[PDB]
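Pasting the sequence and an experimental structure:
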Amino acid sequence: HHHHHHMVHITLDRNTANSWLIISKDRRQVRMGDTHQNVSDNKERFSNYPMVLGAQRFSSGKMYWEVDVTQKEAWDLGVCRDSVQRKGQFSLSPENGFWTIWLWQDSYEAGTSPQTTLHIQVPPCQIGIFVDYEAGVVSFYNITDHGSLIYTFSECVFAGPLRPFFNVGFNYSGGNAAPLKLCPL
Ligand SMILES: CCCc1cc(=O)oc2cc(OC(C)=O)ccc12
Ligand SMILES: CCCc1cc(=O)oc2cc(OC(C)=O)ccc12
């Protein structure tokens, strides 16, 4: 791909984070803590899953960023509506306002309803996310494999401002403690 020139500097929004998450001082890295991180509750926080939003809101244009997923067993990445449900149980689907991919139990899937199997030959250590607001497109790229396409959502009905979306996943196994990291431009 040649989307690198739409690079945007994303930072994480602490106020949206699940109360177990630990966000770095530079707001570029997030990981699962082993306990509640001693923050007050608020209506923005994702309550049921280890999720957080980027601070940036996008309503037009073309945007690109990259995320490091090295040594994780489970995660989900993409964008979502600013208006997504924060409390209780929900599925990651375009009907619920999410355009995402995930790793779970040794398989990669796109967050459609029902979910779609992804075909990845080189397990990625870094993911590129491209959003074209006007075109209604969200695309995912395998940076480890020379930028190869992973998945494109087209005919997207955003229906609102978009925010970068992150899920570091649970760490029931003891093998998923590693952070998600926003990679430098
Ligand atoms: C068996 C799957 C459990 C699960 C694991 C995980 O890391 O993230 C999730 C995110 C979910 O997103 C929503 C709230 O729609 C739903 C379920 C999960
Ligand atoms: C890490 C995020 C994974 C996830 C998110 C979601 O919204 O729905 C799921 C549904 C799944 O199906 C089963 C077999 O439970 C499995 C995994 C997910």
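In hand now; what should we look at? Numbering: from 1, shown residues only. Ligands and ions are numbered 1, 2, ... in the order given.

Show me what the residue nearest the centre of the chain bridges to in the sheet.
Closest residue to the average C-alpha location of the chain: residue 77 at 2.3 Å, with C-alpha atoms, centre = their mean. Beta bridges link residue 77 to residue 101, residue 166, judged by DSSP bridges.

That one contacts residue 66, correct?
No - using C-beta atoms under 8 Å as the test, residue 77 is too far from residue 66 to be in contact (10.2 Å). From N, CA and C alone the C-beta is placed, and that goes for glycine too.

so what sits against both of those two?
Contact with both residue 77 and residue 66 is made by residues 127, 129, according to C-beta atoms under 8 Å, 6 or more residues apart in numbering.

Tally up the residues packed near residue 147, please.
Other residues within reach of residue 147, judged by other C-beta atoms under 10 Å, total 13.

got the contact list for it?
1, 128, 141.

Could you do residue 144 as well?
Taking C-beta under 8 Å, 6+ apart, one finds 122, 123, 124, 125, 126 in contact with residue 144.

how close does it sit to residue 183?
12 Å (C-beta to C-beta, to the nearest Å).

Now do the shared contacts for these two.
With C-beta under 8 Å, 6+ apart as the test, residue 144 and residue 183 both reach residue 126.

Let me see the ranges of the strands in the chain.
Secondary structure of the chain (DSSP state E): strands at 21-23, 29-32, 51-53, 62-68, 75-81, 98-104, 107-110, 116-117, 126-132, 137-142, 148-153, 162-167, 180-182.

Enumerate the residues of the protein near ligand 1.
By C-beta under 6 Å from any ligand atom, the residues of the chain that approach ligand 1 are 49, 74, 89, 90, 91, 92, 167, 169, 170.

near ligand 2 too, which of those?
Among these, ligand 2 is touched by 74, 91, 92, 167, 169 when using C-beta under 6 Å from any ligand atom.

Which of the residues you listed are buried, as a ChimeraX select command?
Applied in ChimeraX, the following selects the buried portion of those according to 16 or more other C-beta atoms under 10 Å:
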select :74,92,167,169
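
and of the ones next to ligand 2 among the residues of the chain next to ligand 1, the nearest to residue 105?
residue 74 (7.8 Å; C-beta to C-beta).

which residues touch the closest one?
Residues near residue 74 by C-beta under 8 Å, 6+ apart: 102, 103, 104, 105, 169, 170, 176.

Would you confirm that residue 59 contacts residue 161?
Yes - contact criterion C-beta under 8 Å: residue 59 and residue 161 qualify, at 4.9 Å.

who has more neighbours, these two?
residue 161 (14 against 10).

Please verify my assumption that that one contacts residue 54.
No - Residue 161 sits out of contact with residue 54 when judged by C-beta under 8 Å, with a separation of 11.5 Å.

Without its sequence neighbours, what residue ends up closest to residue 96?
Nearest residue to residue 96, sequence neighbours excluded (C-beta to C-beta, 6 or more residues apart in numbering): residue 90, at 5.4 Å.
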